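Structure, as structure tokens:
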Amino acid sequence: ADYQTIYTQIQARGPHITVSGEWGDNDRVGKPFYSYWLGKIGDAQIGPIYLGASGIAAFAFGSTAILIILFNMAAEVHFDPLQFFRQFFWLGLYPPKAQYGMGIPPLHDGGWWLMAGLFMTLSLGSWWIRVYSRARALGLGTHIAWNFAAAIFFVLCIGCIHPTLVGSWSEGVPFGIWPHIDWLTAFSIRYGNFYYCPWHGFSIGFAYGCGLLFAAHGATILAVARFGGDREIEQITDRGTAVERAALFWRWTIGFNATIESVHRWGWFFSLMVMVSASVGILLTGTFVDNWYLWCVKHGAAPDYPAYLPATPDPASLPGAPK
Amino acid sequence: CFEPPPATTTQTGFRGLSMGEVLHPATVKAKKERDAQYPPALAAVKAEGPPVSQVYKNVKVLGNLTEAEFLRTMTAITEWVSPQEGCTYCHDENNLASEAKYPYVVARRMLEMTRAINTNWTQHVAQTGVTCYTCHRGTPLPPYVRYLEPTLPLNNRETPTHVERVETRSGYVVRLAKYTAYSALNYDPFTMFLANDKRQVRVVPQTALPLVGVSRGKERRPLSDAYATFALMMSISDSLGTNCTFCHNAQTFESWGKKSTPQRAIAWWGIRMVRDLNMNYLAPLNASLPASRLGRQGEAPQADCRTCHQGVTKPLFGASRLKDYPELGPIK
Amino acid sequence: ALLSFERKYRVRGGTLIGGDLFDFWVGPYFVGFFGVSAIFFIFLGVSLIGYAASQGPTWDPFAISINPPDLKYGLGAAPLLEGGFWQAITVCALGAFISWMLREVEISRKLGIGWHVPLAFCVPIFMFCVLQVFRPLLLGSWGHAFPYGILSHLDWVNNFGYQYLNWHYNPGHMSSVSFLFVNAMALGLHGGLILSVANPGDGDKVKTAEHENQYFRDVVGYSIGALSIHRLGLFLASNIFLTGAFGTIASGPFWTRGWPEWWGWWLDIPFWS
Amino acid sequence: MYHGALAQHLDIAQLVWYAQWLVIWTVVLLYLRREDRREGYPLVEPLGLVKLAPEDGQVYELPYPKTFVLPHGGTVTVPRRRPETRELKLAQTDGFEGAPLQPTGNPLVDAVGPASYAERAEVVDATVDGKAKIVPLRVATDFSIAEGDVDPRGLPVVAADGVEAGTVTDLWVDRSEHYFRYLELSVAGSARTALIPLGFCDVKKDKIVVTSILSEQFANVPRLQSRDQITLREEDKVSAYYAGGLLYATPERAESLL
Ligand code: BCB
Ligand code: BCB
Ligand code: BCB
Ligand SMILES: C/C=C1/c2cc3[nH]c4c(c3C)C(=O)[C@H](C(=O)OC)c4c3nc(cc4[nH]c(cc(n2)[C@@H]1C)c(C(C)=O)c4C)[C@@H](C)[C@@H]3CCC(=O)OC/C=C(/C)CCC[C@H](C)CCC[C@H](C)CCCC(C)C
Ligand SMILES: C/C=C1/c2cc3[nH]c4c(c3C)C(=O)[C@H](C(=O)OC)c4c3nc(cc4[nH]c(cc(n2)[C@@H]1C)c(C(C)=O)c4C)[C@@H](C)[C@@H]3CCC(=O)OC/C=C(\C)CCC[C@H](C)CCC[C@H](C)CCCC(C)C
Ligand SMILES: CC(C)=CCC/C(C)=C/CC/C(C)=C/CC/C(C)=C/CC/C(C)=C/CC/C(C)=C/CC/C(C)=C/CC1=C(C)C(=O)c2ccccc2C1=O
Ligand code: HEC
Ligand code: HEC
Ligand code: HEC
Ligand code: HEC
Ligand SMILES: CC(C)=CCC/C(C)=C/C=C/C(C)=C/C=C/C(C)=C/C=C\C=C(C)\C=C\C=C(/C)CC/C=C(/C)CCCC(C)C
Ligand SMILES: CCCCCCCCCCCC[N+](C)(C)[O-]
Ligand SMILES: CCCCCCCCCCCC[N+](C)(C)[O-]
Ligand SMILES: CCCCCCCCCCCC[N+](C)(C)[O-]
Ligand SMILES: [Fe+3]
């Protein structure tokens with residue numbers, strides 16, 4: 001077996017490299033240090049970190065959002081520190097419970113939620129600028145930023161775009177561990193079972209495919225690490241036996257194959273499509289479809305099944321039944 | 001952390017749909033033994049003599065019974081409601097027609113309520129019916145009642161923690177969670193849905209596309225109604241010791257016909273019956289109760305699904321005393 | 001027929017069974033003995049699906065559903081129309097999947113590469129067994145397994161979840177979901193990164209390994225490195241099912257209540273109760 | 001009336017369903033599957049004789065060429081014509097189209113099958129700032145073994161047959177990634193040096209075990225041009241040599257394990 005694919009047997013140390021960027025080389029703070037146990041399964045060097053304007057703006061806005069959330073959470077346990085740790089998972093900051101439409105809600109019923117939403121959104125935009133500009137500063141393409149953009153766009157969809165399209169802030173995602181989980185069922189119940197939303201299906205198809213692709217790609221590179229397949233950039237520009245064997249393994253298995261470069265386009269595309277499909281689904285939901293199951297029945301797609309115990313009429317529609 | 005196998009499972013939908021009950025035998029046995037404490041029927045007595053309307057002085061509900069029949073009732077009532085306290089719980093030792101103790105007047109209304117249940121709500125209690133025991137289980141205060149705010153523990157026979165106490169505000173989220181099967185849902189399904197008939201449980205649209213005029217802005221129900229319905233369903237499931245598939249094919253929670261079991265219809269009647277009981281029999285009794293029975297808003301204790309069911313899909317696993325005590329209903 | 005670089009790799013040997021008898025290609029496809037068994041099982045399973053589907057109500061692909069037997073048949077054979085076809089198809093599936101895996105190890109040996117890919121492919125085969133074999137064994141019926149249909153298998157996932165009131169609170173599920181999410185995120189990052197170095201645009205020159213690490217050190221203060229991200233990605237993806245299988249096996253055999261209630265081990269410690 | 005309704009039983013969501021499939025198949029078929037073909041295409045047939053005109057599908061399946069501007073000068077364009085020139089010492093075991101080839105000589109030296117190397121540039125891989133990337137420690141003197149880990153320098157190398165075959169004299173390190181990739185070893189009784197990819201090395205505290213080749217086979221490991229640097233093609237030649245041993249070191253390794 002190739003033990004190098006499991007962990008680094010003999011680690012190496014050397015002077016720390018610094019690639020210069022078009023700006024901000026002085027905003028790298030911290031002194032690098034080395035972790036021997038990290039170095040078994042990764043690169044041993046931790047830090048320094050770049051510390052630009054957008055990154056600080058992100059930390060500023062983020063912490064503001066975190067603080068607004070934590071304070072409202074603590075209010076929910078009347079500031080008892082012990083119950084706060086006990087009940088942490090169950091605590092939350094909720095959008096309005098009452099229907100104000102799109103009017104700004106009272107602070108006690110969703111205003112603080114809206115506030116925390118604003119500052120998180122600013123934090124996401126600020127970090128996006130960091131992710132984008134750091135690439136151009138180092139003379140790299142902006143591929144990560146465009147993937148990250150789709151992920152931010154999906155959050156905005158469930159956070160505020162879908163609420164504004166249907167016209168009620170009551171539909172946003174709460175802040176908190178269990179409560180953001182509870183939203184998923186409330187939403188799916190409201191809109192007629194999300195299994196029958198084709199864009200749920202698409203998103204899941206791509207999410208599962210990301211698991212398929214990264215398992216397959218990761219396994220492939222490790223299987224050709226003896227020929228240096230991990231050095232992918234130079235295998236793109238000068239095809240070595242590593243990527244020839246990787247390409248032929250798949251070709252002989254499934255009948256076709258990618259290149260060392262194109263496999264990353266596949267992976268990038270699949271990842272992006274998780275978020276793009278999710279967003280189309282949310283954008284259609286509530287605006288143009290009210291019950292995804294009935295929409296599938298309307299178009300003849302839903303499965304049906306025999307009764308097992310007897311079919312049961314809606315009692316509310318029998319004559320003389322109470323309301 | 002975990003419950004050792006095997007599990008008992010049942011089937012409630014077409015094969016391949018994963019519908020049905022999942023039960024831990026130990027737990028079922030412990031509930032079976034708790035419920036087997038149901039006292040057996042007192043021996044039948046011969047109907048003899050005049051109606052007790054002519055014999056006793058203050059008999060307004062049970063007036064058509066004979067003396068032995070009526071005293072048999074009174075023995076059964078004491079066994080079901082106040083066995084440890086005895087007949088003197090409701091009566092003055094020296095004047096059995098005195099209404100001076102509040103349990104007397106309450107018991108009279110409870111008699112009317114119980115026969116109402118067995119006569120007007122057969123759509124829910126069928127031929128099984130209820131007795132005083134179904135709720136009370138041998139104590140004057142039933143172990144599973146609800147106030148207009150959640151209380152812990154669920155069984156009022158256990159002693160509350162400082163945090164469990166309703167006046168400790170830091171314990172509200174936990175009081176609420178334990179009523180909704182430990183979910184973080186931020187809604188009290190009892191005051192929302194079971195205390196009165198003001199709210200609609202259904203939230204799911206019955207059309208594929210959104211209907212213009214109910215689908216935008218303030219025309220829309222807030223999403224919180226869906227959280228609230230879900231919370232009601234968590235609470236209902238936990239109260240019967242069962243899961244959603246007992247009543248629903250989760251393919252379409254809102255559909256009836258093949259998508260619902262007959263138990264879902266019975267449950268629907270149960271919601272209406274509990275509303276009738278609370279609005280018309282139990283909530284008015286804050287006039288007749290001491291202040292130590294009332295909640296922080298002067299409300300009487302009221303009933304939910306757990307009051308009768310106590311964690312079993314049929315109260316007391318289907319035990320019945322209807323044929324043994326005709327005077328409790330149904331009434332022609 | 002052949003890629004420009006392929007011929008020098010197309011050598012004899014590396015099989016596990018049969019030696020020369022099946023050591024050949026058909027078009028791009030390597031065959032081998034497990035190539036043959038795979039096609040056998042695929043042909044058998046697809047036949048049974050077709051025969052079973054024709055005895056059913058519809059031909060709409062979204063509505064076809066081959067279902068397991070009623071629970072009352074326990075672990076026994078069930079009549080073909082009411083569960084038997086499901087039983088037969090399931091065995092063909094396992095035959096096909098395992099054949100496919102073993103075929104990949106043969107291809108791996110011939111090329112002189114690691115067996116990591118069939119190894120990784122064991123994880124989803126294992127998960128399939130958890131759902132269709134192991135958990136139904138532990139509960140005592142094939143009836144607890146999921147049905148074969150595009151949309152019907154979602155109805156089973158659906159009801160299965162709601163049998164425990166809110167499946168999201170299943171701790172094995174929480175772990176599984178977290179790996180699904182971070183895996184999809186890492187693959188975007190890894191693919192994004194590689195493309196960004198090889199394709200800076202504008203006729204600018206392609207960058208370097210050191211540029212790769214500089215980028216992530218700058219943005220998040222750490223860079224795991226080229227070889228390591230591939231190890232991590234296999235680890236992340238594999239743990240979607242490796243941890244998930246516990247949350248699945250637990251539900252029913254080792255837990256019968258709702259999954260929210262399970263967290264009482266934390267909430268109900270007397271110290272802060 | 002209904003949000004999202006259109007005339008004649010159409011709704012918007014139904015249209016988006018079609019559009020979404022169209023987008024997917026467009027990207028997969030017209031973009032990704034052509035990107036997949038920037039290597040190894042056009043394919044090779046039993047002699048493509050039509051030198052006068054290309055067959056239509058071969059033009060259609062290819063993307064427009066792209067040019068990489070290399071970091072230390074030069075350009076690479078893909079796809080491009082790159083036939084494999086060198087004579088392969090293989091013979092067809094049958095007349096069938098996809099019958100396997102057999103090695104006629106010694107497949108490790110002849111560099112066929114798992115021993116094949118790619119025809120990469122006879123060029124030394126470079127650091128960001130132009131230095132040689134893969135260098136032995138005698139040259140890379142500011143690099144050390146990390147404290148904790150076996151220093152293999154001095155340890156013996158045991159081959160598959162259990163025979164000591166040489167002694168590890170140096171580690172080659174990747175200066176770009178801070179990662180050791182090869183051990184250098186003197187092959188006992190042959191007055192030469194050989195490189196070994198770490199991935200073929202079982203690093204124990206008293207020995208380096210190497211199961212891919214026999215002790216005698218260390219004699220014909222591809223040699224380098226220079227002592228203190230390596231070219232990309234040499235890296236391929238060296239790595240491939242041991243991988244070829246997995247199938248060829250003994251007659252029994254190519255036959256079925258069962
Ligand atoms: C425990 C939970 C499970 C689950 C939960 C689930 C959900 C919630 C959703 C799906 C969806 C899907 N699932 Mg399903 N599922 C599927 C297959 C499918 C596809 C129909 C679809 C998209 C899959 C995908 O893109 O993956 C990534 C793989 C890729 C991209 C490679 C391509 C695979 C190809 C598209 C699959 C096509 C398979 C054929 C339709 C079936 C084979 C037919 C035979 C005759 C050849 C198979 C083959 C299995 C097996 C063998 O176990 C399986 C098990 C499960 N699914 C478990 C039961 N799955 C989605 C859907 O839209 O269903 C309608 C969906 O929303
Ligand atoms: C009962 C309810 C269910 C439900 C309800 C549901 C809803 C309501 C929605 C989904 C959605 C999705 N569901 Mg689904 N679901 C899924 C899978 C999925 C995802 C693939 C998809 C997209 C979500 C995502 O990736 O977010 C992970 C990624 C996120 C959230 C992006 C975050 C990026 C952000 C930049 C991160 C930054 C954070 C900051 C650093 C932190 C700062 C915080 C501080 C300041 C507070 C599977 C595999 C199954 C199975 C097996 O049954 C399933 C069943 C269910 N879902 C049931 C049907 N699901 C979404 C969808 O696709 O709808 C069409 C969706 O909207
Ligand atoms: C109401 C019910 C829900 C539910 C019920 C549920 C259940 C009951 C189970 C899961 C499980 C899982 N859920 Mg969950 N879920 C998930 C995500 C997930 C997955 C990560 C995880 C594993 C799925 C699996 O086993 O695939 C299975 C995939 C397999 C087996 C692939 C087999 C492939 C095979 C080897 C090859 C197939 C070959 C083809 C036939 C060949 C054809 C190819 C063609 C192209 C030639 C998300 C992201 C969400 C969100 C966003 O809400 C969600 C919500 C829900 N889940 C709802 C709350 N979910 C599973 C889990 O791990 O739980 C802990 C699980 O058992
Ligand atoms: C399919 C597409 C997937 C996808 C894609 C992508 N996702 C990306 C990118 C892409 C392309 C980036 O380029 C960017 C990034 O930068 O990566 C390195 C990023 C992000 N996705 C994060 C979280 C996330 N993605 C989720 C999901 C999906 N994403 C879906 C699945 C989910 C889920 C599932 O809920 C979560 C929680 C953060 C790590 C990060 C934003 C931080 C932020 O917006 O600041 C917000 C400001 C703060 C102050 C928050 C502070 C804490 C966080 C953890 C940040 C701490 C970092 C700090 C450097 C620590 C110092 C350590 C040092 C001392 C040693
Ligand atoms: C965490 C680990 C991840 C992971 C990993 C890997 N995945 C791999 C590899 C690795 C490493 C490969 O090396 C191998 C491959 O070659 O890649 C191209 C492979 C593959 N992953 C496939 C599907 C896949 N991966 C999924 C998930 C993950 N993978 C997770 C995420 C999912 C879902 C649902 O998520 C799907 C659908 C096939 C494309 C391919 C097998 C082909 C096959 O097996 O041929 C043999 C079988 C056939 C060609 C058809 C057989 C038909 C049977 C007999 C009759 C049908 C019965 C069937 C049960 C009916 C179902 C109906 C349905 C509607 C319910
Ligand atoms: C008729 C007959 C007798 C035949 C005998 C021969 C025989 C056994 C034939 C088999 C016939 C069968 C069953 C064919 C079916 C083939 C199958 C299962 C195809 C599935 C294809 C699918 C859907 C794959 C999903 C994954 C996906 C999107 C892949 C696209 C990208 C690719 C090609 C990834 C593979 C791939 C990865 C993962 C790399 O890392 C890598 C690194 C460097 C170079 C190349 C690659 C590479 O090609
Ligand atoms: C509360 C739950 C009671 C207990 C315990 C007992 N009794 Fe009772 N009794 C109760 C009520 C509400 C009434 C009025 C009934 C009506 O139909 O209006 C009665 C009535 C009687 C009577 C008739 C008295 C009279 O009006 O003259 C008798 C003789 C009587 N009760 C006796 C009795 C005995 C012996 C009990 C213990 C076995 C007993 N009662 C318990 C309420 C309650
Ligand atoms: C559930 C549907 C009930 C049935 C059936 C019966 N009772 Fe009841 N009772 C119920 C509640 C929720 C309450 C309020 C809590 C309380 O303690 O008041 C009561 C109350 C009483 C009382 C008053 C006891 C006290 O407050 O100390 C009495 C005397 C009583 N109930 C008697 C009684 C009898 C005789 C019943 C059968 C005819 C009966 N109850 C049925 C709930 C339910
Ligand atoms: C039987 C004892 C039930 C169990 C267990 C669960 N539900 Fe239920 N549900 C039940 C009824 C009788 C009704 C109708 C209520 C009415 O007053 O009309 C409902 C309703 C729902 C709905 C709303 C459907 C709609 O038309 O909008 C939902 C979404 C729902 N139920 C979900 C649900 C879930 C998730 C459950 C397990 C947690 C569950 N129900 C259990 C009866 C019963
Ligand atoms: C006492 C007054 C009750 C209250 C309050 C509720 N239920 Fe009930 N239920 C009661 C009886 C006596 C029976 C009959 C048992 C029998 O053998 O038929 C029932 C039955 C049900 C069922 C049927 C279960 C079955 O296995 O067929 C269901 C689903 C049910 N009850 C649900 C239910 C709900 C949701 C309630 C709160 C709204 C509820 N019940 C209250 C007695 C009483
Ligand atoms: C014009 C103005 C007035 C209105 C528009 C404002 C606007 C743009 C609002 C947008 C709001 C949005 C996008 C809301 C979206 C909210 C979403 C998706 C929330 C989702 C999940 C939240 C979670 C899980 C938060 C949990 C909170 C905590 C755990 C407490 C915070 C503490 C932490 C340490 C955070 C850790 C989070 C994680 C890394 C573990
Ligand atoms: C919507 C996000 C707004 C955030 C504003 C704060 C970010 C400042 C951006 C500074 C970028 C400077 N630059 C281009 C040289 O990197
Ligand atoms: C996971 C959900 C998938 C459900 C797929 C249903 C798509 C229906 C699209 C119908 C196309 C329109 N038409 C005319 C053919 O009915
Ligand atoms: C539900 C998500 C759909 C994902 C579709 C991706 C499938 C890849 C198809 C590969 C096609 C192969 N080939 C050679 C025919 O082009
Ligand atoms: Fe890669």
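Protein chains in written order, with the authors' numbering: chain M, 1 to 323; chain C, 1 to 332; chain L, 1 to 273; chain H, 1 to 258. Here a beta-carbon is modelled for each residue, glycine too, at the ideal position from N, C-alpha and C.
Of M/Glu-76, M/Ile-10, M/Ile-6, M/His-16, the smallest CA-CA separation from H/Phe-180 is found for M/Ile-10. Here H/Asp-56 is exposed, its C-beta having fewer than 16 other C-beta atoms within 10 Å.
The region 198 to 217 of chain C makes contact with the region 190 to 197 of chain M, as at least three CB pairs between them are under 8 Å.
In chain order, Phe-24 make up the part of chain L whose C-beta sits under 7 Å from the C-beta of H/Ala-99.
Within the region 208 to 279 of chain C, complete alpha helix (DSSP H) segments of at least 4 residues are found at 224 to 239, 262 to 277, given in chain order.
Of all residues in the region 247 to 260 of chain C, the ones placed with a Cβ closer than 8 Å to any Cβ belonging to chain L are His-248, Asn-249, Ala-250, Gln-251, in chain order.
Taking a Cβ-Cβ threshold of 7 Å, the residues of chain C close to L/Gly-83 are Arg-15, in chain order. Residue-level contact by beta carbon fails for H/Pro-136 and chain M, as no gap is shorter than 8 Å. When only Cα atoms are considered, C/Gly-329 and C/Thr-88 end up about 26 Å apart. Listed along chain L are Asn-183, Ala-184, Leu-187, each with a C-beta nearer than 7 Å to that of M/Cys-210. Judged by DSSP in its simplified three-state form, M/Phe-33 adopts strand. Across the structure, L/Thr-208 and M/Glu-261 are spaced so that their CA atoms are roughly 15 Å apart.
Relative to ligand 7, the beta carbon of C/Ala-116 is positioned no closer than 7 Å to any heavy atom. Three or more Cβ pairs closer than 8 Å define a contact, and the region 241 to 251 of chain L falls short of that threshold against the region 247 to 265 of chain M. Every unbroken stretch of the alpha helix (DSSP H) spanning 4 or more residues and falling wholly within the region 71 to 153 of chain H is given here in chain order: 107 to 110. Scanning L/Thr-58, L/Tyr-73, L/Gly-32 for the CA closest to the CA of C/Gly-16 turns up L/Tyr-73.
Of the other Cβ atoms in all chains shown, fewer than 16 fall within 10 Å of the Cβ of C/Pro-39; this residue is therefore exposed.
Using a Cβ-Cβ distance cut-off of 8 Å, the region 87 to 106 of chain M and the region 216 to 228 of chain C are in contact, since at least three pairs of beta carbons, one from each stretch, lie closer than that value.
Non-local beta-carbon contacts of L/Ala-226 in its own chain, meaning distances under 8 Å to residues more than five positions away in sequence, involve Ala-209, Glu-212 in chain order. For C/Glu-79, the enclosing alpha helix (DSSP H) has its first and last residue at 67 to 81.
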